[PDB]
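Novice: let me give you the complex in parts, starting here:
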Amino acid sequence: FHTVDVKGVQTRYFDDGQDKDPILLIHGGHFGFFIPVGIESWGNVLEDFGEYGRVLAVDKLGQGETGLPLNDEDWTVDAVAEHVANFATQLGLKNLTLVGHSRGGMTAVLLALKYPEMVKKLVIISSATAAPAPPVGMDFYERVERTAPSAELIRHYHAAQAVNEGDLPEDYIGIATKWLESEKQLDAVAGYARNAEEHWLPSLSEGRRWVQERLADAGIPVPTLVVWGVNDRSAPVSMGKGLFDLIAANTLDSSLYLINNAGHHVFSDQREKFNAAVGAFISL
């Protein structure tokens, strides 16, 4: 991988680096989250999407191997999105296809809404931040954290959310274990404990309100695909269908793809289907 200084934040990323239009992958999780998330969490997609463009993937602010925010005020969704935007600008990325999984999706949306000039296409995978609440379901992550005996924790989480499950390669287990036991993770947990109530959570609620407000106005200004696994255990499909209902309201160029026998990690559960559909979408 590579490292670049983004506004004083040391930032790790992956680059193809083919002579094609860029595809930017934005992973899930958040700074201080009990499961460490990074570029390697994309597993095979890093390689596979090489068929459809110049793949890049960045560790988000305070995750993977990129440094934590330099300000308490930067423990916000806007600061994460801004970090990704500044990152893309530093590399001179132009005809960008944004691909966002889970919270990354949120990040992705926020970019597509705020910087249309930079974005050509938007792909949203299992992002429930702006999604309408289910009728009744939603304590998945608390349960997963509770039922864990740490490599064991990572293995356990993966097994917990998988539907067409496979076992994680030992290399990824090693990398993520290193993340989980790193000083930066400890600092990230302390930082979340310090800045959650004052900065992160309110920015989350306001982010949801503003996104939904935009979807009910002019909608997303770029072509948008929503991908969801039918058997998602942490982000129920109902939320995906509701989200897409919110999106189709004023975004004419939008689509919804639901894959059966797939969990929160759709790309991991139904690799071939995912690659085919999303690749076809990116390719037009």
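Specialist: That came through, no problem. Numbering: from 1, shown residues only, chains lettered A, B, ... in the order given.
Novice: send me the host helix or strand of residue A:226 as PDB with only the CA atoms.
Specialist: Taking DSSP states H and E as the criterion, the element that holds residue A:226 is strand A:224-229. Output of strand A:224-229 as PDB, limited to C-alpha atoms (Å, rounded to 0.1, in the frame of the first residue of the first chain):
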ATOM      1  CA  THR A 224     -27.100   5.500  -7.800                       C
ATOM      2  CA  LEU A 225     -27.200   1.800  -7.100                       C
ATOM      3  CA  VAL A 226     -28.400   0.300  -3.800                       C
ATOM      4  CA  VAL A 227     -27.100  -3.200  -3.100                       C
ATOM      5  CA  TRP A 228     -28.500  -5.400  -0.200                       C
ATOM      6  CA  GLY A 229     -28.400  -9.000   1.000                       C
END
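Novice: ends of stretch A:95-111, what's the gap?
Specialist: For stretch A:95-111, the separation between the terminal residues is 13 Å (Cα to Cα, to the nearest Å).
Novice: in that stretch, which residues are buried?
Specialist: Judged by neighbour count (16 or more other Cβ atoms under 10 Å), stretch A:95-111 contains these buried residues: A:96-111. For every residue, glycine as well, the C-beta is placed using N, CA and C.
Novice: nearest to residue A:240, out of those: which one, please.
Specialist: Of all those, residue A:240 sits closest to residue A:105, with 10.4 Å by Cβ to Cβ.
Novice: and the closest one, that's in a helix?
Specialist: Yes. Applying DSSP: H, G, I helix; E, B strand; the rest coil, one finds residue A:105 inside a helix.
Novice: centroid-nearest residue for chain A?
Specialist: Ranked by distance to the mean C-alpha position of chain A (Cα atoms, centre = their mean), the top residue is residue A:104 at 2.4 Å.
Novice: does that residue touch residue A:30 like I think?
Specialist: No. Between residue A:104 and residue A:30 there is no contact under Cβ atoms under 8 Å: 9.8 Å.
Novice: here's chain B, add it to the model above:
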Amino acid sequence: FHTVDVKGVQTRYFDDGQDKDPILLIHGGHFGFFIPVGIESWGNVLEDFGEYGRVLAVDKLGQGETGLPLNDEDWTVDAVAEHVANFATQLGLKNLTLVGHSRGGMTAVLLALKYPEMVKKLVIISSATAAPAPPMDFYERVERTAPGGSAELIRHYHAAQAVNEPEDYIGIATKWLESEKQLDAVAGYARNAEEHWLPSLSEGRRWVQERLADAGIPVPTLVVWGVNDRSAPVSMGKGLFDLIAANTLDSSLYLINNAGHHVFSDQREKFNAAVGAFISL
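Specialist: With chain B now in place:
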């Protein structure tokens, strides 16, 4: 463009014809429907799918230029599906990708459930027949609010259906609308609907649902729907996909926004991209 006899029935079909695995397109509507439907209604699809395989298409029983059912007891859904099946047997199609639209979808589904050995995979487009029952009738309303005719009827119908914007189809449908076969078909429907065809719909639906709740569809399935379908609401599509997903692991749903009942016409590029992707798996 081609003609062949099927069980004593003059049947017209289209062939690509390439050295590729077959793709059988099944159009919608039914015999005696006030709007005549045929192969031409597939428009660009007929050519566009030449990339994903050997495209074949066929006018269903008592539609297009194919003949009417031989007896009145053959005005059933099963008769239509069996007609297409015997057509396939006579042509000997193996590794077959079935693509059905509207009522055609229903046909395809039956073919997928009765003859899995023949079918490689299934695509269902805007077929509400096997869908869960929803909570004035659209087509009756369209016919009621139409002017004469008959070009104005076809244009009124397509206007009533279109959301986001084939010449061959318009011309030929105008010609069919004033043909004798269409008259005979309307009379035949008027005669055999209440006794045969509608019960055939009820039973067909019941058996298909019951089959989905058992072992599900035996082949990989894609459901395609237009969000702004006037004739068959998206809720029916999502319901049908629920029923399918219950026991069909390899199943998928694709919802295209800014698209109505004729999805392939309203959003050609997206449709071709997704369905083509599915077929190339």
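Novice: picking up where we left off before, how about the residue nearest to the centre of chain A, nearest residue that isn't a chain neighbour?
Specialist: Spatially, and ignoring its direct neighbours in sequence, residue A:104 is nearest to residue A:26 (3.5 Å; Cβ to Cβ, 6 or more residues apart in numbering or on different chains).
Novice: do residue A:150 as well
Specialist: On the basis of Cβ to Cβ, 6+ apart, the spatially nearest residue to residue A:150 that is not a chain neighbour turns out to be residue A:180, at 6.4 Å.
Novice: one more: residue A:159?
Specialist: The shortest distance from residue A:159 to any non-neighbouring residue, by Cβ to Cβ, 6+ apart, is to residue A:165 (6.4 Å).
Novice: go ahead and confirm residue A:187 touches residue A:32.
Specialist: No. With contact defined as Cβ under 8 Å, residue A:187 does not count as touching residue A:32 (9.0 Å).
Novice: quick check, whichever strand or helix holds residue A:247 touching chain B?
Specialist: Mapping residue A:247 onto the secondary structure by DSSP H and E places it in helix A:237-248. Yes. Counting by Cβ under 8 Å from any Cβ of the partner chain, chain B has neighbours in helix A:237-248: A:241, A:244, A:248.
Novice: residue of the stretch 1-150 of chain A closest to chain B, please.
Specialist: The nearest approach of the stretch 1-150 of chain A to chain B comes at residue A:52, 11.4 Å away (Cβ to the nearest Cβ).
Novice: contacts only, for that residue.
Specialist: A:23, A:278, A:279, A:282, A:283 (Cβ atoms under 8 Å, 6 or more residues apart in numbering or on different chains).
Novice: give me phi/psi at it?
Specialist: Backbone torsions of residue A:52, given as degrees, to the nearest 10, read phi -120, psi 0.
Novice: now do residue A:10
Specialist: Dihedral pair for residue A:10: phi -70, psi 120, per degrees, to the nearest 10.
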